[PDB]
>>> print(open('upload.tsv').read())   # TSV, N, CA and C atoms
chain	number	residue	atom	x	y	z
A	382	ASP	N	222.84	115.30	22.99
A	382	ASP	CA	223.07	116.01	21.74
A	382	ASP	C	221.77	116.19	20.96
A	383	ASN	N	220.82	115.30	21.20
A	383	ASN	CA	219.52	115.33	20.55
A	383	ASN	C	218.46	116.05	21.37
A	384	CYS	N	218.86	116.72	22.45
A	384	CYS	CA	217.93	117.36	23.36
A	384	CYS	C	217.39	118.69	22.84
A	385	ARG	N	217.92	119.21	21.74
A	385	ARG	CA	217.48	120.48	21.19
A	385	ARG	C	216.45	120.33	20.08
A	386	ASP	N	215.91	119.12	19.89
A	386	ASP	CA	214.84	118.90	18.92
A	386	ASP	C	213.46	118.96	19.54
A	387	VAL	N	213.36	119.21	20.85
A	387	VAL	CA	212.08	119.25	21.54
A	387	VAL	C	211.43	120.61	21.32
A	388	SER	N	210.11	120.61	21.17
A	388	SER	CA	209.34	121.83	20.97
A	388	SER	C	208.59	122.27	22.23
A	389	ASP	N	208.90	121.68	23.38
A	389	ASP	CA	208.23	122.03	24.63
A	389	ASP	C	209.25	122.44	25.68
A	390	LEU	N	210.16	123.33	25.31
A	390	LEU	CA	211.29	123.69	26.16
A	390	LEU	C	211.01	124.99	26.91
A	391	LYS	N	211.23	124.97	28.22
A	391	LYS	CA	211.07	126.14	29.08
A	391	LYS	C	212.29	126.26	29.98
A	392	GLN	N	212.73	127.50	30.21
A	392	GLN	CA	213.93	127.75	30.99
A	392	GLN	C	213.81	127.27	32.42
A	393	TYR	N	212.91	127.90	33.19
A	393	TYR	CA	212.75	127.62	34.61
A	393	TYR	C	211.59	128.45	35.13
A	394	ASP	N	211.07	128.06	36.29
A	394	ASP	CA	209.99	128.79	36.95
A	394	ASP	C	210.55	129.97	37.74
A	395	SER	N	211.20	130.88	37.00
A	395	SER	CA	211.80	132.08	37.59
A	395	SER	C	210.73	133.18	37.68
A	396	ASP	N	209.77	132.95	38.57
A	396	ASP	CA	208.66	133.86	38.78
A	396	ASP	C	208.72	134.43	40.19
A	397	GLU	N	208.09	135.59	40.37
A	397	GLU	CA	208.08	136.24	41.67
A	397	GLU	C	207.33	135.38	42.68
A	398	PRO	N	207.84	135.26	43.90
A	398	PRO	CA	207.15	134.44	44.91
A	398	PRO	C	205.82	135.06	45.31
A	399	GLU	N	204.90	134.19	45.73
A	399	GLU	CA	203.58	134.64	46.14
A	399	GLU	C	203.67	135.46	47.42
A	400	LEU	N	202.73	136.40	47.57
A	400	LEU	CA	202.69	137.27	48.73
A	400	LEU	C	201.67	136.76	49.73
A	401	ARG	N	202.03	136.80	51.01
A	401	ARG	CA	201.18	136.31	52.09
A	401	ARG	C	201.00	137.39	53.14
A	402	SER	N	199.96	137.23	53.94
A	402	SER	CA	199.61	138.18	54.99
A	402	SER	C	199.80	137.54	56.36
A	403	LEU	N	200.04	138.39	57.36
A	403	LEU	CA	200.31	137.92	58.71
A	403	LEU	C	199.07	137.30	59.34
A	404	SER	N	199.29	136.23	60.10
A	404	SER	CA	198.24	135.56	60.85
A	404	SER	C	198.46	135.77	62.34
A	405	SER	N	197.63	135.12	63.15
A	405	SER	CA	197.65	135.31	64.59
A	405	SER	C	198.19	134.11	65.36
A	406	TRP	N	198.46	132.99	64.69
A	406	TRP	CA	198.90	131.79	65.40
A	406	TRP	C	200.36	131.84	65.81
A	407	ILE	N	201.18	132.66	65.15
A	407	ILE	CA	202.59	132.74	65.52
A	407	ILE	C	202.75	133.41	66.89
A	408	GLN	N	201.91	134.41	67.18
A	408	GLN	CA	201.94	135.03	68.50
A	408	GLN	C	201.55	134.03	69.58
A	409	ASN	N	200.55	133.19	69.30
A	409	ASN	CA	200.17	132.14	70.24
A	409	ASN	C	201.31	131.14	70.43
A	410	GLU	N	202.01	130.80	69.35
A	410	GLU	CA	203.15	129.90	69.46
A	410	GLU	C	204.24	130.49	70.35
A	411	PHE	N	204.55	131.78	70.16
A	411	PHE	CA	205.55	132.42	71.01
A	411	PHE	C	205.10	132.46	72.47
A	412	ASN	N	203.83	132.79	72.71
A	412	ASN	CA	203.31	132.84	74.07
A	412	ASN	C	203.42	131.48	74.75
A	413	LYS	N	203.05	130.41	74.04
A	413	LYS	CA	203.18	129.07	74.59
A	413	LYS	C	204.63	128.64	74.75
A	414	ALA	N	205.54	129.18	73.93
A	414	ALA	CA	206.96	128.87	74.08
A	414	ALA	C	207.61	129.62	75.23
A	415	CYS	N	207.01	130.72	75.69
A	415	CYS	CA	207.60	131.54	76.74
A	415	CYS	C	207.18	131.13	78.15
A	416	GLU	N	206.42	130.05	78.30
A	416	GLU	CA	205.86	129.66	79.59
A	416	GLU	C	206.57	128.42	80.14
A	417	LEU	N	206.33	128.15	81.42
A	417	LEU	CA	207.10	127.18	82.20
A	417	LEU	C	206.44	125.81	82.23
A	418	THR	N	207.26	124.78	82.44
A	418	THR	CA	206.78	123.40	82.47
A	418	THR	C	207.08	122.68	83.78
A	419	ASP	N	206.82	121.38	83.84
A	419	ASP	CA	207.04	120.61	85.07
A	419	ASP	C	208.33	119.79	85.14
A	420	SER	N	208.86	119.33	84.01
A	420	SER	CA	210.11	118.60	84.02
A	420	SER	C	211.34	119.50	84.04
A	421	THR	N	212.52	118.88	83.97
A	421	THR	CA	213.79	119.59	84.06
A	421	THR	C	214.44	119.83	82.71
A	422	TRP	N	214.45	118.82	81.84
A	422	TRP	CA	214.85	118.95	80.44
A	422	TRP	C	216.33	119.24	80.23
A	423	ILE	N	217.10	119.38	81.31
A	423	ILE	CA	218.53	119.69	81.19
A	423	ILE	C	219.22	119.34	82.50
A	424	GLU	N	220.53	119.11	82.42
A	424	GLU	CA	221.36	118.85	83.60
A	424	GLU	C	222.81	119.01	83.19
A	425	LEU	N	223.56	119.82	83.93
A	425	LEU	CA	224.94	120.14	83.60
A	425	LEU	C	225.90	119.48	84.57
B	62	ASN	N	167.52	119.07	95.90
B	62	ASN	CA	167.41	118.32	94.65
B	62	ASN	C	166.12	118.58	93.89
B	63	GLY	N	165.16	119.33	94.44
B	63	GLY	CA	163.91	119.57	93.77
B	63	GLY	C	164.05	120.39	92.50
B	64	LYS	N	164.45	121.65	92.64
B	64	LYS	CA	164.66	122.49	91.47
B	64	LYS	C	165.97	122.15	90.76
B	65	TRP	N	166.85	121.40	91.42
B	65	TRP	CA	168.17	121.11	90.87
B	65	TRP	C	168.10	120.37	89.54
B	66	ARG	N	167.08	119.53	89.35
B	66	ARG	CA	167.00	118.70	88.16
B	66	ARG	C	166.63	119.48	86.90
B	67	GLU	N	165.87	120.57	87.03
B	67	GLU	CA	165.30	121.26	85.88
B	67	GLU	C	166.22	122.28	85.23
B	68	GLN	N	167.37	122.60	85.84
B	68	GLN	CA	168.24	123.61	85.23
B	68	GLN	C	169.06	123.08	84.07
B	69	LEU	N	169.01	121.77	83.78
B	69	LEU	CA	169.76	121.24	82.65
B	69	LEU	C	169.26	121.84	81.33
B	70	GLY	N	167.94	121.86	81.14
B	70	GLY	CA	167.39	122.52	79.97
B	70	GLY	C	167.66	124.01	79.96
B	71	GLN	N	167.67	124.63	81.14
B	71	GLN	CA	168.00	126.05	81.22
B	71	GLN	C	169.41	126.31	80.71
B	72	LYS	N	170.38	125.50	81.13
B	72	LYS	CA	171.75	125.67	80.65
B	72	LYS	C	171.84	125.41	79.15
B	73	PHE	N	171.17	124.34	78.68
B	73	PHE	CA	171.14	124.05	77.25
B	73	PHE	C	170.52	125.20	76.46
B	74	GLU	N	169.67	126.00	77.10
B	74	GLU	CA	169.06	127.13	76.41
B	74	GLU	C	170.12	128.12	75.93
B	75	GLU	N	171.11	128.43	76.76
B	75	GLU	CA	172.12	129.40	76.36
B	75	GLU	C	173.41	128.77	75.85
B	76	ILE	N	173.57	127.44	75.94
B	76	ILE	CA	174.81	126.82	75.45
B	76	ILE	C	175.06	127.19	73.99
B	77	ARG	N	174.17	126.77	73.09
B	77	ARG	CA	174.42	127.05	71.68
B	77	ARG	C	174.21	128.52	71.34
B	78	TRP	N	173.42	129.24	72.13
B	78	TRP	CA	173.32	130.68	71.95
B	78	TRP	C	174.68	131.35	72.08
B	79	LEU	N	175.38	131.08	73.19
B	79	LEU	CA	176.68	131.69	73.39
B	79	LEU	C	177.71	131.14	72.41
B	80	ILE	N	177.61	129.85	72.05
B	80	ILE	CA	178.59	129.32	71.10
B	80	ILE	C	178.43	129.99	69.74
B	81	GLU	N	177.19	130.26	69.32
B	81	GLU	CA	176.95	130.97	68.07
B	81	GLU	C	177.41	132.42	68.16
B	82	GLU	N	177.18	133.06	69.31
B	82	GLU	CA	177.66	134.43	69.50
B	82	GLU	C	179.17	134.50	69.39
B	83	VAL	N	179.87	133.55	70.02
B	83	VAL	CA	181.32	133.51	69.95
B	83	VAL	C	181.79	133.25	68.53
B	84	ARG	N	181.13	132.33	67.82
B	84	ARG	CA	181.50	132.08	66.43
B	84	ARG	C	181.38	133.34	65.58
B	85	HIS	N	180.24	134.04	65.70
B	85	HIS	CA	180.03	135.25	64.91
B	85	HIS	C	181.05	136.33	65.26
B	86	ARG	N	181.30	136.53	66.55
B	86	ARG	CA	182.19	137.61	66.96
B	86	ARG	C	183.64	137.30	66.61
B	87	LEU	N	184.01	136.01	66.63
B	87	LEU	CA	185.33	135.61	66.13
B	87	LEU	C	185.44	135.85	64.64
B	88	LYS	N	184.38	135.56	63.89
B	88	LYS	CA	184.39	135.80	62.45
B	88	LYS	C	184.54	137.29	62.14
B	89	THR	N	183.85	138.14	62.90
B	89	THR	CA	183.80	139.57	62.58
B	89	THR	C	185.09	140.29	62.97
B	90	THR	N	185.73	139.88	64.06
B	90	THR	CA	186.81	140.65	64.66
B	90	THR	C	188.01	140.73	63.72
B	91	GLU	N	188.93	141.65	64.05
B	91	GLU	CA	190.12	141.90	63.25
B	91	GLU	C	191.41	141.89	64.05
B	92	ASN	N	191.37	142.12	65.36
B	92	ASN	CA	192.57	142.16	66.18
B	92	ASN	C	193.12	140.75	66.40
B	93	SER	N	194.34	140.68	66.94
B	93	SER	CA	194.98	139.42	67.26
B	93	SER	C	194.70	138.95	68.68
B	94	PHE	N	194.57	139.89	69.62
B	94	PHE	CA	194.20	139.54	70.99
B	94	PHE	C	192.82	138.89	71.03
B	95	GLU	N	191.84	139.54	70.40
B	95	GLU	CA	190.46	139.06	70.44
B	95	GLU	C	190.34	137.70	69.79
B	96	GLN	N	191.04	137.48	68.67
B	96	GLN	CA	190.93	136.22	67.95
B	96	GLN	C	191.42	135.06	68.81
B	97	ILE	N	192.58	135.23	69.45
B	97	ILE	CA	193.12	134.18	70.31
B	97	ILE	C	192.20	133.94	71.50
B	98	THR	N	191.71	135.02	72.12
B	98	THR	CA	190.81	134.85	73.26
B	98	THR	C	189.56	134.09	72.87
B	99	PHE	N	188.98	134.42	71.71
B	99	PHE	CA	187.75	133.77	71.28
B	99	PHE	C	187.98	132.31	70.92
B	100	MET	N	189.12	132.01	70.29
B	100	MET	CA	189.44	130.62	69.98
B	100	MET	C	189.60	129.79	71.25
B	101	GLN	N	190.32	130.32	72.24
B	101	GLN	CA	190.48	129.61	73.50
B	101	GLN	C	189.13	129.41	74.19
B	102	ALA	N	188.28	130.44	74.16
B	102	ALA	CA	186.95	130.31	74.75
B	102	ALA	C	186.13	129.24	74.04
B	103	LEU	N	186.21	129.19	72.71
B	103	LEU	CA	185.46	128.18	71.95
B	103	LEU	C	185.90	126.77	72.32
B	104	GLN	N	187.22	126.55	72.41
B	104	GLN	CA	187.70	125.22	72.79
B	104	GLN	C	187.26	124.87	74.21
B	105	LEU	N	187.36	125.83	75.13
B	105	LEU	CA	186.92	125.60	76.51
B	105	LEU	C	185.44	125.22	76.55
B	106	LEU	N	184.62	125.92	75.77
B	106	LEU	CA	183.18	125.68	75.79
B	106	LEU	C	182.83	124.32	75.20
B	107	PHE	N	183.52	123.92	74.13
B	107	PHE	CA	183.33	122.56	73.62
B	107	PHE	C	183.64	121.53	74.70
B	108	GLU	N	184.77	121.70	75.39
B	108	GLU	CA	185.16	120.75	76.43
B	108	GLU	C	184.12	120.70	77.54
B	109	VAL	N	183.66	121.87	78.00
B	109	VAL	CA	182.72	121.93	79.11
B	109	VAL	C	181.37	121.34	78.71
B	110	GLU	N	180.92	121.60	77.48
B	110	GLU	CA	179.66	121.05	77.01
B	110	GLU	C	179.72	119.53	76.95
B	111	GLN	N	180.81	118.98	76.44
B	111	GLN	CA	180.95	117.49	76.45
B	111	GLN	C	180.88	117.03	77.88
B	112	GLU	N	181.71	117.62	78.70
B	112	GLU	CA	181.79	117.17	80.09
B	112	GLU	C	180.42	117.12	80.75
B	113	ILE	N	179.64	118.20	80.62
B	113	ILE	CA	178.35	118.26	81.30
B	113	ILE	C	177.38	117.25	80.70
B	114	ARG	N	177.42	117.06	79.37
B	114	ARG	CA	176.56	116.05	78.77
B	114	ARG	C	176.95	114.65	79.23
B	115	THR	N	178.25	114.37	79.33
B	115	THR	CA	178.69	113.05	79.78
B	115	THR	C	178.21	112.77	81.20
B	116	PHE	N	178.39	113.72	82.12
B	116	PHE	CA	177.92	113.49	83.48
B	116	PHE	C	176.40	113.40	83.56
B	117	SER	N	175.69	114.22	82.77
B	117	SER	CA	174.24	114.15	82.77
B	117	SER	C	173.75	112.78	82.30
B	118	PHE	N	174.36	112.24	81.25
B	118	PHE	CA	173.99	110.91	80.78
B	118	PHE	C	174.33	109.84	81.80
B	119	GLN	N	175.51	109.94	82.43
B	119	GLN	CA	175.92	108.92	83.39
B	119	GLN	C	175.02	108.90	84.62
B	120	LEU	N	174.66	110.08	85.14
B	120	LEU	CA	173.91	110.14	86.39
B	120	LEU	C	172.50	109.57	86.24
B	121	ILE	N	171.82	109.89	85.14
B	121	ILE	CA	170.44	109.45	84.95
B	121	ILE	C	170.40	107.95	84.65
>>> encode(input="upload.tsv", output="structure tokens")
Amino acid sequence: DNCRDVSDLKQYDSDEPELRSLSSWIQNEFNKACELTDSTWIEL
Amino acid sequence: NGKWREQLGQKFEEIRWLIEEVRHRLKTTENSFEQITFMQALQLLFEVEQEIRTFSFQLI
């Protein structure tokens, strides 16, 4: 009930998100994910 | 084994030359293919340079 006596009140950080640019490591991650290994990793 | 011993300095002559060339060309480039290729080459060259220095130190 006494919370409205503060002089440092702000609603929320409702600001636009920062903008980012594409990098090259995600393509490398996909390439490494698309290749074959030595173990089996599964059995049905 | 006569001339075989003296090529170590010869290889060291271009080791850091090519590593600097790769660093500069990786910095300058803009494509995604070239960047990945140059990064892989840089890692390979670091590994090979260690390897050759380790064997050179061990043999002598």
>>> residues_around(input="upload.tsv", residues="residue 405 of chain A", least_positions_apart="6", cutoff="8 Å", atoms="only C-alpha atoms", output="count of residues only")
3
>>> atom_distance(input="upload.tsv", atom1="atom CA of residue 111 of chain B", atom2="atom CA of residue 86 of chain B")
22.3 Å
>>> residues_near_point(input="upload.tsv", point="(200.5, 131.3, 71.2)", cutoff="12 Å", atoms="only C-alpha atoms", output="ChimeraX atom specification")
/A:404-416 /B:93-94,96-98,100-101
>>> closest_residue(input="upload.tsv", among="B:117, B:71, B:104, B:92", to="chain A", atoms="all atoms listed in the file")
B:92
>>> atom_distance(input="upload.tsv", atom1="atom C of residue 95 of chain B", atom2="atom C of residue 400 of chain A")
23.1 Å
>>> axis_aligned_box(input="upload.tsv", around="segment 407-417 of chain A", padding_each_side="6 Å", output="JSON")
{"center_x": 203.9, "center_y": 130.4, "center_z": 73.7, "size_x": 19.4, "size_y": 21.2, "size_z": 29.1}
>>> atom_distance(input="upload.tsv", atom1="atom CA of residue 110 of chain B", atom2="atom N of residue 77 of chain B")
8.8 Å
>>> closest_residue(input="upload.tsv", among="B:69, B:76, B:85, B:91", to="residue 118 of chain B", atoms="only C-alpha atoms")
B:69
>>> select_by_dssp(input="upload.tsv", residues="chain A", states="helix (DSSP H, G or I)", output="PyMOL selection string")
chain A and resi 384-386+406-414
